[PDB]
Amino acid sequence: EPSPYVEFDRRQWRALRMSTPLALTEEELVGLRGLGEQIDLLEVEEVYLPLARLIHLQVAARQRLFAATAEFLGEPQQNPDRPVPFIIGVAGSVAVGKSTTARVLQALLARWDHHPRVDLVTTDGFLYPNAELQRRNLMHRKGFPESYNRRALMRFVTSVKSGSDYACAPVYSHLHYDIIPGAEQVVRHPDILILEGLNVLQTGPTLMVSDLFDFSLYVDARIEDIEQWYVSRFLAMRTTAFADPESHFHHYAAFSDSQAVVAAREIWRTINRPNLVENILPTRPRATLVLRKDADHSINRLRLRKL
């Protein structure tokens, strides 16, 4: 049976790296890694390089696509000092590693000849303020489609891929568990925009942000494993993030391994799991590339969309 997909194992995927140079150090990789993530330079070599490659092969092949339409419209022939931004989406569950995969990818792509302006934006800042969520009875649905100002998010990405000089996005504080008043992330006509979020790959009755993606990644892993990663990380934050008195979850810092496991599991059970199952996972089929990780966090398989 023919397929739109083609899968790989790490063995065969790494062979597609070719001369693709490794331009990241260990000190560097580290400041990109998130708590609990196991990524090392090796993985960046056998997985992220063949990927950085693919992406570059398509950045050019994609500019052709907006050209034709421009040629068709008898329009000028756009200056390469400002071509059409290449949008990349990185999706996946809470605690799966999106943040790291996205951070690393941006590091690699920025370190490409010419030094392309590679901006990274998370959908966090597009969450409705806690006050607005309290108003809609969603304080326990943070992460669900409805907890996002999807209208603003679309306005943002649209603005950037449509050639705007600069666009603004709100900023989210993980420390305060809310949107930061008066804060803004400014994106000035980047060459590449990486949008990271749980939702990003979603589709609906209206043109959405996933409809503006030129390439997209979906970081996958077995669900019982993501819960483990999730819980585990929760316990580990008692001494990192939760340790801070200014933290909205400072009260978890004192929990015992036992109590902490209980609380972690309940959040997983009542928020992140349902969301993963009802909204995220059903978007995986549309991902250009899927990075499958084993219980140890290692990416040992991949599924590519050839069609």
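Throughout, rigid core stands for the largest set of C-alpha atoms superposing within 1.5 Å between the two forms. In case it trips you up, residue 1 is the first one in the sequence shown, and so on.
K.L.:
After a core fit, does 92 to 100 or 79 to 87 show the bigger CA gap to the shown form in 8 other deposited structures of this protein?
P.N.:
Comparing 79 to 87 with 92 to 100, the larger C-alpha deviation in 8 other deposited structures of this protein belongs to 79 to 87.
K.L.:
Comparing 240 to 248 with 57 to 65, which has the greater mean CA B-factor as deposited?
P.N.:
Mean CA B-factor is higher for 57 to 65.
K.L.:
Looking only at CA atoms, which has the higher mean B factor in the entry: 277 to 285 or 41 to 49?
P.N.:
Mean C-alpha B-factor is greater for 41 to 49.
K.L.:
Maximum C-alpha temperature factor per the entry, among 199, 206, 232, 99, belongs to which one?
P.N.:
Comparing C-alpha B-factors across 199, 206, 232, 99, the top value belongs to 199.
K.L.:
Just the C-alpha B-factor column, please: which of 153, 167, 195, 118 has the biggest number?
P.N.:
Comparing C-alpha B-factors across 153, 167, 195, 118, the top value belongs to 167.
K.L.:
Would you please rank residue 173 by its C-alpha temperature factor against the other modelled residues of its chain and give the third it falls in: lowest, middle or highest?
P.N.:
Its C-alpha B-factor belongs to the middle third of this chain's values.
K.L.:
Could you look up the Cα B-factor of residue 107 in the entry and say which third of the chain it sits in: lowest, middle or highest?
P.N.:
For residue 107, whose C-alpha B-factor we compare with every modelled residue in the chain, the answer is the highest third.
K.L.:
For residue 227, does the deposited CA B-factor place it in the lowest, middle or highest third of the chain?
P.N.:
For residue 227, whose C-alpha B-factor we compare with every modelled residue in the chain, the answer is the lowest third.
K.L.:
Splitting the chain's C-alpha B-factors into thirds, which one does residue 216 fall into?
P.N.:
Tercile = lowest for this residue's CA B-factor.
K.L.:
Going by what the PDB entry lists, where does residue 142 fall on CA B-factor within its chain: lowest, middle or highest third?
P.N.:
For residue 142, whose C-alpha B-factor we compare with every modelled residue in the chain, the answer is the lowest third.
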